[PDB]
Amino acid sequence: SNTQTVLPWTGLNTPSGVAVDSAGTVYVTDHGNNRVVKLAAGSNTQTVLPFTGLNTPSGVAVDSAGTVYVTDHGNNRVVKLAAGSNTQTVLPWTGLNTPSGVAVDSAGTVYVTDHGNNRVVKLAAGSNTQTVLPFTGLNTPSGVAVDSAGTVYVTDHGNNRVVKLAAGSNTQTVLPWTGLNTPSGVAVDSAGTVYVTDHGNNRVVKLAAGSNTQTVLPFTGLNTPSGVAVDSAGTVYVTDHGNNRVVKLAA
């Protein structure tokens, strides 16, 4: 598709992050209202998830079980809420300063970019052992994604680059993403295409696996795109921060 759709949310303010589950439900960190909102596919009526005491949440992810993970930036913590529950769980991150993004893989491992500590950390499901991913040269990592192979993708906001790290590997690859400025969000689809939100150029770009040739996605009227998600159908969802809206673009 060539023309974007504005999702029927109400009362958003400076939305910071977006996730989408297998059922097409869309989840948004309504950063300016200190809450997390949820929208079923083909619904015009959001619901507010019963998190407690959030403060300018920066990012969101959802796993196969429908559990929702939120980087509660203002409180230096990451919380999760299982589907149907009213009790949030504070994850056992230690030494976590300012979480800027969160991703969860199919095995339930959680990945968090720590903006204030210039690093990316992960929590294995069940084990709850934090480890620091051996990225090198980072500078205020702003978002994170994980593909089905376990490759971790980080937007290295300070160095205008996207870097990836193969699972258990010691090889970090800079994506040959020409013209990138201040990347702020990342997502990866099942074909390994990478989607990045770019503040400097105020746009959303994508890069196919094994490609030097980006596409600028034809969104329109964006003011600071802040988060991005891609569903199994290839629909691209973007939080339009400066416009208090969430836009999407079918494949």
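So that there is no doubt, residue numbering starts at 1 and follows the sequence shown.
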item: Residue stretch of maximal mean CA temperature factor, 107-115 vs 127-135; value: 127-135
item: Higher-scoring stretch by recorded Cα B factor average, 176-184 or 80-88; value: 176-184
item: Candidate residues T215, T224, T52, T67, the one whose C-alpha B factor the record puts highest; value: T224
item: Candidate set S169, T155, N97, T151 [ranked by C-alpha B-factor, highest]; value: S169
item: Lowest, middle or highest third - CA B-factor, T56; value: middle
item: Within-chain third of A19 by Cα B-factor, per the entry; value: lowest
item: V62 - Cα temperature factor, lowest/middle/highest third of chain; value: lowest
item: Chain-relative CA temperature factor third for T71; value: lowest
item: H199 by Cα B-factor - lowest, middle or highest third of the modelled chain; value: highest
